Structure formats: C-alpha cells, structure tokens
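Everything below concerns the one structure shown next.
Each answer follows from the model by the rule given with it, or from the source it names; nothing here is a laboratory result. Reconstructed Cβ throughout: ideal geometry from the backbone, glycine too, with neighbour counts over all protein chains shown.
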Amino acid sequence: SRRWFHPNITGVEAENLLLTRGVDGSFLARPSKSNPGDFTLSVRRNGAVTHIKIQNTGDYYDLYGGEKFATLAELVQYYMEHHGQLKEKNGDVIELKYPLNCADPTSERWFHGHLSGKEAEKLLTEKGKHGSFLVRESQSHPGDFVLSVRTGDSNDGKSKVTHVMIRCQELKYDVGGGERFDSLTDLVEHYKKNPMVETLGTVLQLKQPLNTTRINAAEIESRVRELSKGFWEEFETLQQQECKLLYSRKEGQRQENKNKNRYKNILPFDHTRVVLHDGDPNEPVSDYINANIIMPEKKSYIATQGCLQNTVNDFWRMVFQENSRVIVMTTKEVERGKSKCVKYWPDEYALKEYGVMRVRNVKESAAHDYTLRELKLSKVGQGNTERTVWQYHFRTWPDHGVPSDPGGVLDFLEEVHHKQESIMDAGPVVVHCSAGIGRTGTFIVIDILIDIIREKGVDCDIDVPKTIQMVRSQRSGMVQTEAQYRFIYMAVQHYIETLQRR
Ligand SMILES: CS(=O)(=O)Nc1cccc2cc[nH]c12
C-alpha cells in the first residue's frame, strides 16, 4: 500500500501530523503545492521533524542525501529495509520505521467526489460492468458518501445499480452498522475482501473502479480541455497504483551486476529483463544488462539505460541477440556537464570492434531535431551475420521538463515507425535515455498510443493511465513526471489533429 503519501497537505500540516499522531521513526511523503516534480519526505526523529527534498526533473527521483529511485514506493521500500542508509547533512542516520497514513480519498480510482446519483447511474449503465463501483458525495446528507455498485450479467433487467449510504460520523466511516473505518479507503478495502450481501442474496462485489479514463480518440481535444482546467489529479491517481508494481529485481541486485547499473537502485524487473545468452565462459555472470522487454498488452520495445564504458559490449550483444534494427536515443551524450550515455557507436565512416561484435558507421544524416546514423553490426569471424541498425538520436529534448510543442517528437516517431515497419522480421526497437525510465517511458507510451490510432483510425478507444500502468509493470517508473504525462496527452492530441487535416 501507499498510504504514506498525502497529496493535499502543507509542510506545517505534515509537522503537526507527525508530532500529534506519529512517533520517532514516523514518516510521510507529500508534493510541493507550487513546484511540480518537487516532493518532500517528512520524518520524525528525536521529537522533531526533518524535511528531506526529493526532486524529479524527468529522469528519476533524487533524494537529498540519499539515492536515485525509479518510484517513491521503491524509495520507501529501500529505506524501510535498509537502516543506517538514509542520512542528514551533518551525517546522522534518519530512520523510516512507521508510515503515517493519509485518509484523503482523492487519488483513489473509485472516488468521484461531487457527483449526482443520476449521473453515477448513467456512468455505471453506459461504461460499467458487473462489479463496477464508485464512491461519491451524497448531496442529500452533507458530509456523508454513497457507494454505487453495478451487479448483473440488451438492457433487459439482468443487471442493476445499488446505492449504499456511507455515514461519516466523528471522522470515521460506516455502512449503517458493524465496523467504523479510519478512511473511505479502509472501508472500500474491507468490503472488497468481505462483500456486502443483500437480504435476498445478491453479493455486491467490488471488482473494479468505474472506468473514466478510457476515451474515444476523436474526443481527445475535449478531454484535454477538461484536464487543462486536472492533469495533476489524474497523474497522482496513477502514481497511487505504483505500490502494486514492487516486483523483484534480484538479478540486478547481485554483486557481480552492481557496476553494470548506472544508478544502483534503478533496476530491471526479473520477470521482463533482457537475458543475454552466449556469454564469455570466463565471465562468471555474463547474462545481465539493465534493460527490459516492453510488450504492449506486434511492435515490441527494449527499454534500457544509457551505456556505461563497461556495458557497451553487452549493449551490442543485446542488439545482435534480439535482432533489433532500430535504436532510439533520447539524450545528448552530456547534459548539464554530466555524462548521460557513453558514445557506443563509431565516428562516421569508422569501424570499431566492441568485444565479439563489429560496428561500422556507414553514414550520418542530420535533421533539425535528430541525427540518424546508419550502422552495420556483425559478429567478428562471421561475415554473413551483418545487419543494418538505424540509430535515431533525438538531440533537442530540453535539459529539464518537456518540449513546448510535440511536433518534433511526433515527426521523429513517425520516421522511426516507418523504418521499423520497412524491415522484415526486425526485433524490438531499443529505446534509451540516461536511467531508461522517464524520457524512454514517454517516447514508448506515445509510440504505443499512436500505433493504436494508426491501425484503427481517429475512432478507437485509448486509455492513457491504463497504458502507462501496463508499461510500468514491465519496467520500474516508466514515465516519471506530471509534465511528461501532460506531454503524452498533448502529443496524441497533435497527432489526431494532423490526421484530421490530412
Ligand atoms: C480512474 S480509472 O480507473 O478509470 N483510470 C485509471 C487511473 C489511474 C490508474 C489506472 C490503471 C488503470 N486505470 C487507471
């Protein structure tokens, strides 16, 4: 669970909560209400509260005096299982022992707040299915709530909508009897596990929240208009779901693999990692690269980090093994004086050996937003293994935030798409930035969404947060920021508009 994140709390509200309701080792995280990408970890130690800044400019969560993380849940899991690791400026250990839980329901997928009983019945009738539910404000009884649930199997009376009144009495919630809950989430979780049974026997199964994010692609402009009045609230609802994605990353945690990771705690899930075969028998662990397969759930991707000097050979082994023919690089080699990805390709017209692999740079072509490099990759000693690999190097992404206009990214992805589609039996498209989660996740999700619209036209269903959750189950923290989340919507809107004009 992620109850330690409080989306609508001030610094002083956080201090008072930890002092009145917490103990030493108590903690919570919260966003800054005016600087998105800024978060604070507030921690109680020696009867006083310390506030620790976490910044995310788009690549990773950077904890002051700690490490870089793919998600706030991974950050919290790391320190709740590693004492002595989190430290202040003056060096003392700060311990995260006791999450201080938030009662606020506004980031729950099932919470609709102000909503009429007739509006909720229409939404549940049109969009809902057996077990679809929502919680809304009563309107008749102020301060109380209603849980509306659809149960059932043409509109022939085989299904129905039931309303269950939820009383709020002295900051606890109940359905008219039995247990009184600290929050609506606790109530919903209880009646999700232990469903209410009606007198005549109907089980009110809370199977899934009502789906409000699935839109018809033609109506993207109207959804964007609505979110622009929010994008922040829909993004935070998505982020609340990240506690469901704490999958194991054991291989990346092995001593033999530690120096193959750019950031020690940003690791590939075991269940989707790229496994390298045919390694040097002399190298004890030769099967590991910080990379995952992203299979939308025909075109697949590999999301990976920027090469380290000691992983360039493994990068080319992956490319060769997976039969990838297109690489997308979304960083300059150096940004803000820091190395983001080593040069892993030869100079134009040059030939270099990278371990058992040989690469020729045949030709480079510069466009305004990117450079294309036509590379020839083969195994040393085996001439007939040569294949062309087209590297698309996006060069104009800003150092922080996102492009102001998506036209450049969309023209780049169209060209990448056409190259991939032109090559018979090409493997997954490799996409990498620096950590391989923020820009990489953004480019991949845009590509996935646009691909739907390319095959099905302007009239098909898309669901941005559900697509992002699905990509996040295959590599940690894919899509890092609210700014990238907004950019994904803007890119898809711009794509639909250029398709209508044509
Ligand atoms: C409100 S919703 O349930 O319609 N949309 C939605 C929001 C956030 C995360 C996910 C994952 C699947 N759907 C999501």
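In table form, for the structure just shown:
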| read-out | value |
| --- | --- |
| The one condition in (1) surrounded by fewer than 17 Cβ atoms within 10 Å (Cβ to Cβ); (2) within 16 Å of the ligand (Cβ to nearest atom) that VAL458 fails to fulfil | (2) |
| Subset of segment 24-69 (residues that are assigned to a loop (DSSP other than H, G, I, E, B), in contact with a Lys or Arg (Cβ under 8 Å, 6 or more places away or on another chain) and farther than 17 Å from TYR98 by Cβ) | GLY58, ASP59, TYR60, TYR64, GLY65, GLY66, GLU67 |
| Hits in segment 177-196 (condition: closer than 13 Å to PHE145 by Cβ and among the polar types (S, T, N, Q)) | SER183, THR185 |
| Residue identified as away from the ligand (no atom under 16 Å from the Cβ) and touching a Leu at 6+ places or on another chain (Cβ under 9 Å) among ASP186, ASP182 | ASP182 |
| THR162 vs. criteria away from the ligand (no atom under 16 Å from the Cβ) and over 30 Å from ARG454 (Cβ atoms) | yes |
| Qualifying residue in segment 464-473 (condition: touching a helix residue (DSSP H, G or I) at 6+ places or on another chain (Cβ under 7 Å) and more than 16 Å from the ligand (Cβ to nearest atom)) | no |
| Filtered residue count, segment 164-184, keeping only those that are in a strand (DSSP E or B) and either in contact with an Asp or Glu (Cβ under 6 Å, 6 or more places away or on another chain) or loosely packed, with under 15 Cβ neighbours inside 10 Å (or both) | 4 |
| Leading residue by the ranking (surrounded by the fewest Cβ atoms within 10 Å (Cβ to Cβ)) among those in segment 466-490 that are of a type in the set (A, V, I, L, M, F, W, C) and more than 19 Å from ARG109 (Cα to Cα) | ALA483 |
| Count - residues of segment 197-211 that are among the hydrophobic types (A, V, I, L, M, F, W, C) and surrounded by 17 or more Cβ atoms within 10 Å (Cβ to Cβ) | 3 |
| Test: residue in segment 43-51 that is touching a helix residue (DSSP H, G or I) at 6+ places or on another chain (Cβ under 6 Å) and surrounded by 14 or more Cβ atoms within 10 Å (Cβ to Cβ) | yes |
| All positions within segment 467-484 that are of a type in the set (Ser, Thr, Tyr) and assigned to a helix (DSSP H, G or I) | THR467 |
| Test: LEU187 is buried (at least 18 other Cβ atoms within 10 Å of the Cβ), farther than 30 Å from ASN56 by Cα and not assigned by TED's automatic domain parsing to the domain that holds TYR495 | yes |
| Any hit, segment 142-157, residues being more than 16 Å from the ligand (Cβ to nearest atom), among the hydrophobic types (A, V, I, L, M, F, W, C) and more than 32 Å from the chain's Cα centre (by Cα) | no |
| Hits in segment 89-124 (condition: more than 16 Å from the ligand (Cβ to nearest atom) and among the aliphatic types (A, V, I, L, M)) | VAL93, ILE94, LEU96, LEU100, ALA103 |
| Any hit, segment 311-328, residues being touching a helix residue (DSSP H, G or I) at 6+ places or on another chain (Cβ under 8 Å) and farther than 26 Å from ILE446 by Cα | yes |
